[PDB]
file upload00.cif (mmCIF, C-alpha atoms)
data_final
#
loop_
_atom_site.group_PDB
_atom_site.id
_atom_site.type_symbol
_atom_site.label_atom_id
_atom_site.label_comp_id
_atom_site.auth_asym_id
_atom_site.auth_seq_id
_atom_site.Cartn_x
_atom_site.Cartn_y
_atom_site.Cartn_z
ATOM 1 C CA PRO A 1 0.000 0.000 0.000
ATOM 2 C CA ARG A 2 0.880 3.656 -0.283
ATOM 3 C CA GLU A 3 2.129 5.780 2.568
ATOM 4 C CA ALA A 4 -0.206 8.267 4.201
ATOM 5 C CA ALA A 5 -0.653 11.709 2.689
ATOM 6 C CA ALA A 6 -1.460 15.295 3.674
ATOM 7 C CA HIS A 7 -2.833 14.472 7.132
ATOM 8 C CA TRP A 8 -3.050 11.325 9.214
ATOM 9 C CA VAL A 9 -3.766 10.592 12.875
ATOM 10 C CA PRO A 10 -2.571 7.262 14.309
ATOM 11 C CA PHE A 11 -5.229 5.273 16.089
ATOM 12 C CA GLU A 12 -4.791 2.129 18.152
ATOM 13 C CA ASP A 13 -7.339 -0.511 19.150
ATOM 14 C CA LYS A 14 -7.719 -1.760 22.717
ATOM 15 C CA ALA A 15 -9.646 -4.885 21.709
ATOM 16 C CA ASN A 16 -8.388 -8.424 22.200
ATOM 17 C CA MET A 17 -8.208 -11.204 19.664
ATOM 18 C CA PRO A 18 -11.213 -13.549 19.446
ATOM 19 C CA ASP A 19 -11.111 -16.686 21.555
ATOM 20 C CA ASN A 20 -11.312 -19.093 18.615
ATOM 21 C CA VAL A 21 -7.826 -17.759 17.715
ATOM 22 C CA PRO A 22 -5.177 -19.213 20.071
ATOM 23 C CA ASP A 23 -2.521 -16.941 21.511
ATOM 24 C CA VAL A 24 0.988 -16.666 20.085
ATOM 25 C CA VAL A 25 4.078 -14.915 21.380
ATOM 26 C CA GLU A 26 5.557 -12.166 19.225
ATOM 27 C CA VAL A 27 9.137 -11.916 17.981
ATOM 28 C CA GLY A 28 10.177 -8.822 19.886
ATOM 29 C CA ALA A 29 13.429 -8.107 18.052
ATOM 30 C CA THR A 30 14.020 -4.733 16.433
ATOM 31 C CA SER A 31 15.451 -3.975 12.976
ATOM 32 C CA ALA A 32 19.131 -4.772 13.383
ATOM 33 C CA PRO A 33 19.207 -8.115 15.267
ATOM 34 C CA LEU A 34 16.485 -9.342 12.935
ATOM 35 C CA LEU A 35 18.574 -8.340 9.930
ATOM 36 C CA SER A 36 21.433 -10.253 11.536
ATOM 37 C CA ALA A 37 19.269 -13.343 12.134
ATOM 38 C CA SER A 38 17.462 -13.211 8.773
ATOM 39 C CA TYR A 39 19.548 -15.916 7.131
ATOM 40 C CA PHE A 40 19.410 -18.217 10.148
ATOM 41 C CA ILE A 41 15.637 -17.786 10.213
ATOM 42 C CA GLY A 42 15.503 -18.656 6.527
ATOM 43 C CA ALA A 43 17.677 -21.722 6.999
ATOM 44 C CA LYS A 44 15.206 -23.175 9.530
ATOM 45 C CA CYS A 45 11.776 -21.748 8.623
ATOM 46 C CA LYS A 46 11.767 -22.369 4.834
ATOM 47 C CA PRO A 47 8.946 -24.982 4.907
ATOM 48 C CA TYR A 48 6.801 -23.030 7.357
ATOM 49 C CA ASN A 49 7.332 -19.732 5.535
ATOM 50 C CA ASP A 50 6.486 -21.149 2.126
ATOM 51 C CA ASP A 51 3.480 -23.013 3.535
ATOM 52 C CA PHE A 52 2.270 -19.714 4.985
ATOM 53 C CA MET A 53 2.638 -18.045 1.613
ATOM 54 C CA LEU A 54 1.067 -20.956 -0.272
ATOM 55 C CA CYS A 55 -1.990 -20.997 1.979
ATOM 56 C CA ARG A 56 -2.258 -17.233 1.493
ATOM 57 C CA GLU A 57 -2.153 -17.647 -2.287
ATOM 58 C CA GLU A 58 -4.569 -20.597 -2.348
ATOM 59 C CA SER A 59 -7.008 -18.649 -0.170
ATOM 60 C CA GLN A 60 -7.369 -15.893 -2.796
ATOM 61 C CA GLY A 61 -8.427 -13.028 -0.551
ATOM 62 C CA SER A 62 -9.030 -14.554 2.881
ATOM 63 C CA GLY A 63 -5.369 -15.019 3.775
ATOM 64 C CA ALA A 64 -5.545 -12.900 6.913
ATOM 65 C CA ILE A 65 -8.156 -15.218 8.456
ATOM 66 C CA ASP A 66 -7.251 -18.526 6.751
ATOM 67 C CA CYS A 67 -3.490 -18.472 7.461
ATOM 68 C CA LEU A 68 -3.394 -17.925 11.220
ATOM 69 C CA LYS A 69 -2.157 -21.381 12.217
ATOM 70 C CA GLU A 70 0.548 -21.149 9.576
ATOM 71 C CA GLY A 71 1.669 -17.688 10.654
ATOM 72 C CA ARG A 72 1.761 -18.831 14.268
ATOM 73 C CA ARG A 73 4.146 -21.590 13.223
ATOM 74 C CA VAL A 74 6.339 -19.052 11.399
ATOM 75 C CA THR A 75 6.437 -16.779 14.447
ATOM 76 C CA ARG A 76 7.281 -19.671 16.767
ATOM 77 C CA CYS A 77 10.109 -20.889 14.531
ATOM 78 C CA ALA A 78 11.603 -17.393 14.416
ATOM 79 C CA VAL A 79 11.285 -17.031 18.185
ATOM 80 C CA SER A 80 13.028 -20.382 18.590
ATOM 81 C CA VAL A 81 15.903 -19.243 16.385
ATOM 82 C CA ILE A 82 16.363 -16.009 18.311
ATOM 83 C CA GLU A 83 16.042 -17.799 21.665
ATOM 84 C CA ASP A 84 18.789 -20.163 20.554
ATOM 85 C CA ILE A 85 20.906 -17.165 19.532
ATOM 86 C CA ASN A 86 20.419 -15.459 22.899
ATOM 87 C CA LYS A 87 20.992 -18.644 24.902
ATOM 88 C CA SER A 88 24.230 -19.509 23.100
ATOM 89 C CA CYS A 89 25.566 -16.849 20.694
ATOM 90 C CA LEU A 90 24.724 -13.494 22.253
ATOM 91 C CA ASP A 91 28.060 -11.652 22.283
ATOM 92 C CA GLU A 92 28.788 -12.121 18.574
ATOM 93 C CA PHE A 93 25.164 -11.354 17.696
ATOM 94 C CA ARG A 94 25.375 -8.109 19.658
ATOM 95 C CA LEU A 95 28.659 -7.224 17.960
ATOM 96 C CA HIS A 96 26.969 -7.733 14.610
ATOM 97 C CA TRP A 97 23.824 -5.688 15.159
ATOM 98 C CA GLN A 98 25.541 -2.836 16.995
ATOM 99 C CA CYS A 99 27.890 -2.762 14.005
ATOM 100 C CA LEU A 100 24.823 -2.624 11.767
ATOM 101 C CA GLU A 101 23.446 0.292 13.753
ATOM 102 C CA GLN A 102 26.553 2.441 13.464
ATOM 103 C CA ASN A 103 26.464 1.815 9.725
ATOM 104 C CA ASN A 104 23.247 2.275 7.701
ATOM 105 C CA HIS A 105 22.180 -1.355 8.101
ATOM 106 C CA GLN A 106 24.701 -2.255 5.407
ATOM 107 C CA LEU A 107 26.021 -5.779 5.867
ATOM 108 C CA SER A 108 29.193 -4.718 4.020
ATOM 109 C CA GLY A 109 30.318 -2.801 7.113
ATOM 110 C CA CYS A 110 30.029 -5.788 9.466
ATOM 111 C CA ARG A 111 31.910 -8.712 7.918
ATOM 112 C CA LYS A 112 34.299 -9.219 10.832
ATOM 113 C CA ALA A 113 31.410 -9.777 13.243
ATOM 114 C CA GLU A 114 29.440 -11.699 10.621
ATOM 115 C CA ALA A 115 32.258 -14.237 10.308
ATOM 116 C CA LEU A 116 32.360 -14.905 14.049
ATOM 117 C CA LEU A 117 28.576 -15.183 14.279
ATOM 118 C CA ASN A 118 28.326 -17.505 11.274
ATOM 119 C CA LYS A 119 31.057 -19.748 12.677
ATOM 120 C CA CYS A 120 29.348 -19.834 16.074
ATOM 121 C CA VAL A 121 25.887 -20.663 14.742
ATOM 122 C CA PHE A 122 27.229 -23.223 12.262
ATOM 123 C CA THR A 123 29.086 -25.053 15.024
ATOM 124 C CA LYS A 124 26.468 -24.862 17.796
ATOM 125 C CA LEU A 125 23.098 -24.650 15.994
ATOM 126 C CA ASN A 126 24.122 -26.106 12.596
ATOM 127 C CA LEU A 127 22.699 -23.265 10.512
ATOM 128 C CA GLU A 128 24.804 -21.785 7.708
ATOM 129 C CA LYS A 129 24.409 -18.677 5.594
ATOM 130 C CA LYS A 130 23.812 -19.318 1.889
ATOM 131 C CA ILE A 131 22.761 -16.799 -0.759
ATOM 132 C CA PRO A 132 20.618 -18.890 -3.148
ATOM 133 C CA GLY A 133 20.084 -18.340 -6.856
ATOM 134 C CA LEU A 134 23.801 -18.272 -7.602
ATOM 135 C CA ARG A 135 25.884 -20.571 -9.755
ATOM 136 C CA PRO A 136 28.927 -22.565 -8.650
ATOM 137 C CA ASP A 137 30.958 -20.033 -10.659
ATOM 138 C CA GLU A 138 29.796 -16.991 -8.655
ATOM 139 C CA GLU A 139 31.491 -15.913 -5.434
ATOM 140 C CA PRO A 140 29.111 -14.907 -2.616
ATOM 141 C CA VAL A 141 29.898 -11.350 -1.626
ATOM 142 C CA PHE A 142 30.037 -12.163 2.098
ATOM 143 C CA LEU A 143 32.981 -14.526 1.452
ATOM 144 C CA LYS A 144 35.071 -12.175 -0.699
ATOM 145 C CA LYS A 145 38.519 -11.670 0.777
ATOM 146 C CA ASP A 146 39.215 -8.150 -0.565
ATOM 147 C CA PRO A 147 36.015 -6.360 -1.626
ATOM 148 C CA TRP A 148 35.779 -3.087 -3.461
ATOM 149 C CA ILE A 149 33.307 -1.718 -0.910
ATOM 150 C CA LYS A 150 34.550 -1.398 2.670
ATOM 151 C CA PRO A 151 33.324 0.579 5.676
ATOM 152 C CA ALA A 152 34.550 4.071 6.404
ATOM 153 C CA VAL A 153 35.501 2.973 9.929
ATOM 154 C CA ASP A 154 35.605 -0.727 10.685
ATOM 155 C CA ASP A 155 34.016 -1.433 14.041
ATOM 156 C CA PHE A 156 36.481 -1.366 16.901
ATOM 157 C CA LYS A 157 35.186 -4.213 19.072
ATOM 158 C CA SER A 158 34.738 -6.416 16.011
ATOM 159 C CA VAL A 159 38.326 -5.769 14.924
ATOM 160 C CA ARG A 160 39.698 -6.650 18.356
ATOM 161 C CA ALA A 161 37.550 -9.790 18.469
ATOM 162 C CA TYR A 162 38.563 -10.877 14.962
ATOM 163 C CA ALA A 163 42.214 -10.395 15.906
ATOM 164 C CA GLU A 164 41.820 -12.416 19.104
ATOM 165 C CA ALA A 165 39.943 -15.175 17.270
ATOM 166 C CA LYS A 166 42.684 -15.411 14.651
ATOM 167 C CA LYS A 167 45.256 -15.584 17.450
ATOM 168 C CA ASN A 168 43.235 -18.359 19.161
ATOM 169 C CA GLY A 169 42.353 -20.305 16.005
ATOM 170 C CA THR A 170 38.584 -20.033 16.445
ATOM 171 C CA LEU A 171 38.497 -18.923 12.788
ATOM 172 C CA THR B 1 -41.743 -19.314 -91.692
ATOM 173 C CA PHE B 2 -39.209 -16.611 -90.821
ATOM 174 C CA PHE B 3 -40.527 -16.679 -87.238
ATOM 175 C CA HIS B 4 -38.106 -18.886 -85.282
ATOM 176 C CA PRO B 5 -38.733 -18.034 -81.629
ATOM 177 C CA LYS B 6 -37.234 -19.923 -78.737
ATOM 178 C CA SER B 7 -39.754 -22.427 -77.446
ATOM 179 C CA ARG B 8 -41.807 -21.937 -74.308
ATOM 180 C CA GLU B 9 -40.102 -24.766 -72.409
ATOM 181 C CA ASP B 10 -36.578 -23.453 -72.947
ATOM 182 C CA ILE B 11 -37.707 -19.915 -72.079
ATOM 183 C CA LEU B 12 -39.229 -21.167 -68.828
ATOM 184 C CA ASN B 13 -36.109 -23.177 -68.001
ATOM 185 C CA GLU B 14 -33.738 -20.266 -68.621
ATOM 186 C CA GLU B 15 -35.911 -17.927 -66.549
ATOM 187 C CA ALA B 16 -36.011 -20.555 -63.804
ATOM 188 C CA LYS B 17 -32.218 -20.813 -63.774
ATOM 189 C CA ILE B 18 -32.018 -17.024 -63.513
ATOM 190 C CA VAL B 19 -34.462 -16.973 -60.603
ATOM 191 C CA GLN B 20 -32.544 -19.786 -58.910
ATOM 192 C CA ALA B 21 -29.337 -17.764 -59.166
ATOM 193 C CA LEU B 22 -31.160 -14.748 -57.750
ATOM 194 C CA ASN B 23 -32.553 -16.695 -54.795
ATOM 195 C CA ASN B 24 -29.082 -18.133 -54.196
ATOM 196 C CA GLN B 25 -27.669 -14.610 -53.989
ATOM 197 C CA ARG B 26 -30.516 -13.720 -51.618
ATOM 198 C CA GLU B 27 -29.728 -16.616 -49.291
ATOM 199 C CA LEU B 28 -26.017 -15.780 -49.443
ATOM 200 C CA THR B 29 -26.751 -12.175 -48.467
ATOM 201 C CA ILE B 30 -28.848 -13.359 -45.525
ATOM 202 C CA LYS B 31 -26.139 -15.821 -44.463
ATOM 203 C CA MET B 32 -23.474 -13.121 -44.603
ATOM 204 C CA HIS B 33 -25.623 -10.690 -42.632
ATOM 205 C CA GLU B 34 -26.000 -13.452 -40.034
ATOM 206 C CA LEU B 35 -22.337 -14.530 -39.878
ATOM 207 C CA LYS B 36 -21.428 -10.953 -39.271
ATOM 208 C CA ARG B 37 -22.970 -9.647 -36.030
ATOM 209 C CA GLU B 38 -22.296 -13.074 -34.511
ATOM 210 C CA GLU B 39 -20.083 -13.267 -31.435
ATOM 211 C CA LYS B 40 -16.482 -14.164 -32.265
ATOM 212 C CA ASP B 41 -13.725 -15.622 -30.127
ATOM 213 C CA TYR B 42 -11.207 -13.648 -28.112
ATOM 214 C CA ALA B 43 -8.530 -15.133 -30.361
ATOM 215 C CA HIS B 44 -10.303 -13.965 -33.517
ATOM 216 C CA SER B 45 -11.345 -10.544 -32.203
ATOM 217 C CA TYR B 46 -8.373 -9.383 -30.088
ATOM 218 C CA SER B 47 -5.285 -11.619 -29.834
ATOM 219 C CA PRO B 48 -4.614 -14.976 -31.537
ATOM 220 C CA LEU B 49 -1.357 -15.749 -29.683
ATOM 221 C CA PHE B 50 -1.850 -14.400 -26.149
ATOM 222 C CA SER B 51 -5.381 -15.752 -25.968
ATOM 223 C CA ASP B 52 -5.767 -15.370 -22.185
ATOM 224 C CA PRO B 53 -7.890 -12.299 -21.323
ATOM 225 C CA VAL B 54 -6.901 -12.635 -17.665
ATOM 226 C CA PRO B 55 -4.405 -9.874 -16.751
ATOM 227 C CA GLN B 56 -1.172 -10.699 -14.939
ATOM 228 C CA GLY B 57 -0.181 -7.349 -13.528
ATOM 229 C CA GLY B 58 3.033 -6.068 -12.051
ATOM 230 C CA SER B 59 5.813 -8.284 -10.785
ATOM 231 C CA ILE B 60 8.037 -6.190 -8.507
ATOM 232 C CA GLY B 61 6.146 -6.612 -5.228
ATOM 233 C CA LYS B 62 3.852 -9.500 -6.081
ATOM 234 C CA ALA B 63 1.999 -10.420 -2.928
ATOM 235 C CA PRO B 64 0.844 -14.004 -2.382
ATOM 236 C CA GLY B 65 -2.894 -13.527 -1.977
ATOM 237 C CA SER B 66 -3.397 -11.095 -4.872
ATOM 238 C CA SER B 67 -4.586 -13.551 -7.513
ATOM 239 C CA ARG B 68 -8.262 -14.441 -7.605
ATOM 240 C CA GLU B 69 -10.549 -16.561 -9.764
#
call {"tool": "encode", "arguments": {"input": "upload00.cif", "output": "structure tokens"}}
result
Amino acid sequence: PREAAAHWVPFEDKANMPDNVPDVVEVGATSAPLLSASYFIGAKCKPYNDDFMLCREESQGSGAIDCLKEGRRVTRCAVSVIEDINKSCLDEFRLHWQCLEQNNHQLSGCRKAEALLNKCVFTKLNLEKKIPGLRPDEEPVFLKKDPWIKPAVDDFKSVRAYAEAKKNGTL
Amino acid sequence: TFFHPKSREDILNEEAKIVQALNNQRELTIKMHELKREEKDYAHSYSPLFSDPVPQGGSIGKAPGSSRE
């Protein structure tokens, strides 16, 4: 839809959901940690996400009311991913999304924290980052050694952590 | 004896053939007036290759849930 125009007053609604709709926790993460956990959500919630979208498409208009079970599953899978991150991989995750905040949510300014986080989640949770649609001939941009595009200032904490991890063989 | 007119039977037959041709042209004119102003196909009237009238719109933000039959 279009954005509002020329005047607009926000209005909330203090009503509760009907009782034939079970309750579901929300995700609760803001922009940056969710951008950091996007690929790990996609690695685990592919079937649930595409089932949600397929039941929306098959409904042909009534997707808001026909797809509630499916959306609840999607929300729960995402909450599980972020709970696993917080339980196990919180320091690297926080490095990554604070690094995203000081940039303009450009993942090109955060590769040194991204590497640590991807290693951590691949070892503990067994979820790896993959950019689909590519060929075996194409290099994914998050694995390039020397890119053209680099941050103005590389994040300090991430640099110190990358250095320490290379000195301790964690990478 | 100089009078050698075409006989009555042949005159009638030639006139009958003429009238048969005229009625044939009449029935052809009626048939053509009826084959026109008769509903034609979407392939014959608009588009013989892309014969689907159903529009598939934009593609840049295609929402699942936008198609409808």
call {"tool": "closest_atom_pairs", "arguments": {"input": "upload00.cif", "of": "chain B", "to": "chain A", "cutoff": "7 Å", "atoms": "all atoms listed in the file", "output": "Markdown table"}}
result
| residue | atom | partner | partner_atom | distance |
| --- | --- | --- | --- | --- |
| B:64 | CA | A:57 | CA | 4.7 |
| B:65 | CA | A:57 | CA | 4.2 |
| B:66 | CA | A:60 | CA | 6.6 |
| B:67 | CA | A:60 | CA | 6.0 |
| B:68 | CA | A:60 | CA | 5.1 |
call {"tool": "residues_around", "arguments": {"input": "upload00.cif", "residues": "segment 82-99 of chain A", "least_positions_apart": "3", "cutoff": "6 Å", "atoms": "only C-alpha atoms", "output": "ChimeraX atom specification"}}
result
/A:32-33,79,102,110,113,117
call {"tool": "resolve_selection", "arguments": {"input": "upload00.cif", "expression": "the PyMOL selection byres ((chain A and resi 109) around 9)", "output": "list in words"}}
result
residues 99, 100, 103, 104, 105, 106, 107, 108, 110, 111, 112, 149, 150, 151, 152, 153, 154 and 155 of chain A
call {"tool": "atom_distance", "arguments": {"input": "upload00.cif", "atom1": "atom CA of residue 34 of chain A", "atom2": "atom CA of residue 166 of chain A"}}
result
26.9 Å
call {"tool": "resolve_selection", "arguments": {"input": "upload00.cif", "expression": "the PyMOL selection byres ((chain A and resi 16-27) around 8)", "output": "mmCIF file with C-alpha atoms, in the frame of the given file"}}
result
data_model
loop_
_atom_site.group_PDB
_atom_site.id
_atom_site.type_symbol
_atom_site.label_atom_id
_atom_site.label_comp_id
_atom_site.auth_asym_id
_atom_site.auth_seq_id
_atom_site.Cartn_x
_atom_site.Cartn_y
_atom_site.Cartn_z
ATOM 1 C CA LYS A 14 -7.719 -1.760 22.717
ATOM 2 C CA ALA A 15 -9.646 -4.885 21.709
ATOM 3 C CA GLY A 28 10.177 -8.822 19.886
ATOM 4 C CA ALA A 29 13.429 -8.107 18.052
ATOM 5 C CA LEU A 68 -3.394 -17.925 11.220
ATOM 6 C CA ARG A 72 1.761 -18.831 14.268
ATOM 7 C CA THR A 75 6.437 -16.779 14.447
ATOM 8 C CA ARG A 76 7.281 -19.671 16.767
ATOM 9 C CA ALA A 78 11.603 -17.393 14.416
ATOM 10 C CA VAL A 79 11.285 -17.031 18.185
#
call {"tool": "residues_around", "arguments": {"input": "upload00.cif", "residues": "residue 41 of chain A", "least_positions_apart": "5", "cutoff": "10 Å", "atoms": "all atoms listed in the file", "output": "list in words"}}
result
residues 34, 35, 36, 46, 49, 74, 77, 78, 79, 80, 81, 82, 127 and 129 of chain A
call {"tool": "write_last_selection", "arguments": {"input": "upload00.cif", "atoms": "C-alpha atoms", "output": "PDB file, keeping the file's coordinate frame"}}
result
ATOM      1  CA  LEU A  34      16.485  -9.342  12.935  1.00  0.00           C
ATOM      2  CA  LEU A  35      18.574  -8.340   9.930  1.00  0.00           C
ATOM      3  CA  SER A  36      21.433 -10.253  11.536  1.00  0.00           C
ATOM      4  CA  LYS A  46      11.767 -22.369   4.834  1.00  0.00           C
ATOM      5  CA  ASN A  49       7.332 -19.732   5.535  1.00  0.00           C
ATOM      6  CA  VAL A  74       6.339 -19.052  11.399  1.00  0.00           C
ATOM      7  CA  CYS A  77      10.109 -20.889  14.531  1.00  0.00           C
ATOM      8  CA  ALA A  78      11.603 -17.393  14.416  1.00  0.00           C
ATOM      9  CA  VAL A  79      11.285 -17.031  18.185  1.00  0.00           C
ATOM     10  CA  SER A  80      13.028 -20.382  18.590  1.00  0.00           C
ATOM     11  CA  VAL A  81      15.903 -19.243  16.385  1.00  0.00           C
ATOM     12  CA  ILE A  82      16.363 -16.009  18.311  1.00  0.00           C
ATOM     13  CA  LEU A 127      22.699 -23.265  10.512  1.00  0.00           C
ATOM     14  CA  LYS A 129      24.409 -18.677   5.594  1.00  0.00           C
TER      15      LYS A 129
END
call {"tool": "atom_distance", "arguments": {"input": "upload00.cif", "atom1": "atom CA of residue 119 of chain A", "atom2": "atom CA of residue 158 of chain A"}}
result
14.2 Å
call {"tool": "atom_distance", "arguments": {"input": "upload00.cif", "atom1": "atom CA of residue 39 of chain A", "atom2": "atom CA of residue 66 of chain A"}}
result
26.9 Å
